[PDB]
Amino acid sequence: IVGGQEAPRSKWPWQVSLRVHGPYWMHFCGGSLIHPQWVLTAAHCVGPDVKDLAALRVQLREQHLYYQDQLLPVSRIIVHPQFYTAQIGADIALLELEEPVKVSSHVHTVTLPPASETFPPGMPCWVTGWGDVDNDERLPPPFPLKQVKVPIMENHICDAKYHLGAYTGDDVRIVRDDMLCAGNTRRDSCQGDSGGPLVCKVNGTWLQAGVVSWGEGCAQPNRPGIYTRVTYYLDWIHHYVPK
């Protein structure tokens, strides 16, 4: 996370850390608990190539990475079949846990938005994770969960910005309709925030608008953060995850 602050312990009870087997169980991406048995993440965290499920675990909400790990094994990785790269789109995946988790006020699911919600500019939205605090700058120990409030911008505005300082023709769409844009040169997600949630408070409910997907660096001029637009993939999610 670029800008923002350490999250209060009572905020973001759906935040998860994805861990890869190595010298230790290392954080490589975020996710969100959308069901006691299901984690929502980015496809680019777990694909497009098929990996050994034994090499993956999930960690539920931790204030500080690694200090109190209780790792959960995964039974299934489901990756959107249209996914190949984040810039092409369909950057969305599901992890099925081997067992349902016990939910509480400290650890519980995020609400998915209804199909009609567009998340226009001036919506209050937050992105959370344990990623880099700037381009090529690691989150230092003790690895506190960060949050930052990011301004939403309309896709067409964001598309026009991505074309400034580029050879790409103005008519060749960069920011696609299954994507959502937020952030500026002080407030963004960064490497290690991938797969984590962008959440907006709508009529007193926290809704997941986005999955951290991609950008040209982090907090760079005319290069806002890009997110998988959750409303676009509700029917695909609801094929796997009970309502």
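Note that the rigid core is defined as the largest set of C-alphas that superpose within 1.5 Å between two forms. In case it trips you up, residue 1 is the first one in the sequence shown, and so on.
In terms of root mean square C-alpha deviation after superposing on the rigid core in 9 other deposited structures of this protein, the stretch standing farther out between 120-128 and 93-101 is 120-128. In this entry, 200-208 has the higher mean Cα B-factor, the comparison being between 200-208 and 187-195. Two stretches are in play, 51-59 and 31-39, and the higher mean C-alpha B-factor belongs to 51-59. Ranked against the other modelled residues of its chain, the C-alpha B-factor of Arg19 as given in the entry falls in the lowest third. Per the PDB record, residue ranking by Cα B-factor puts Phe83 in the lowest third of the chain.
For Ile77, the recorded CA temperature factor ranks within the middle third of the chain's modelled residues. For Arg173, the recorded CA B-factor ranks within the lowest third of the chain. Only modelled residues enter the ranking. Looking at the C-alpha B-factors along this chain, the one for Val241 belongs to the highest third.
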